[PDB]
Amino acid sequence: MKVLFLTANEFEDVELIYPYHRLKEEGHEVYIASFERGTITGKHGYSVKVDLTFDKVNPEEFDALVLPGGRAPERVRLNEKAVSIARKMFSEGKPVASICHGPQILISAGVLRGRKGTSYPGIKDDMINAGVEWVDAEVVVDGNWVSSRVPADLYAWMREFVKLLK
């Protein structure tokens, strides 16, 4: 399956790199989308190559979406095209993986009312104000939406997401 990552500079490094390799292990094709072509750099200094820009993404051409955390979601969520990609893929029922600040993009997409999930605890009140039934758990699976809180949850996060992709 073709898996799309929506991210930007100051992504939480392991929250991108871990699902990237975990999904490649399964044989899935992984694509990193950001504002511009070239490279992006994580909070801790890992550099990743951008495969395509948000403007060049056709969400019809992707089967699943991953939203890492860090400070990147606060910039991604102000990009109308990035938010539209997340809005369309999530509302169509495609698998969507979010961790940490990742679901700020889903908040901006307006797709979380009545949905059950988790996030970085520091934004739980924003999740609740967006209509989420917020849970303090290492992983939540609510239909197509697999959500986790922090890097310590990575093992459980992708354990559940990988099931959704097969």
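One rule holds for the numbers: they count along the sequence shown, beginning at 1.
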Quick one: classify residue 77 as lowest, middle or highest third of the chain based on its Cα B-factor.
lowest
Comparing against every modelled residue in the chain, figure out the third that the C-alpha B-factor of residue 117 lands in (lowest, middle or highest).
middle
Chain-relative C-alpha B factor for residue 68 (record values, thirds): the lowest
Entry-reported Cα temperature factor of residue 135, expressed as the chain third it lands in:
highest
How does residue 55 rank on Cα B-factor within its chain, lowest, middle or highest third?
highest
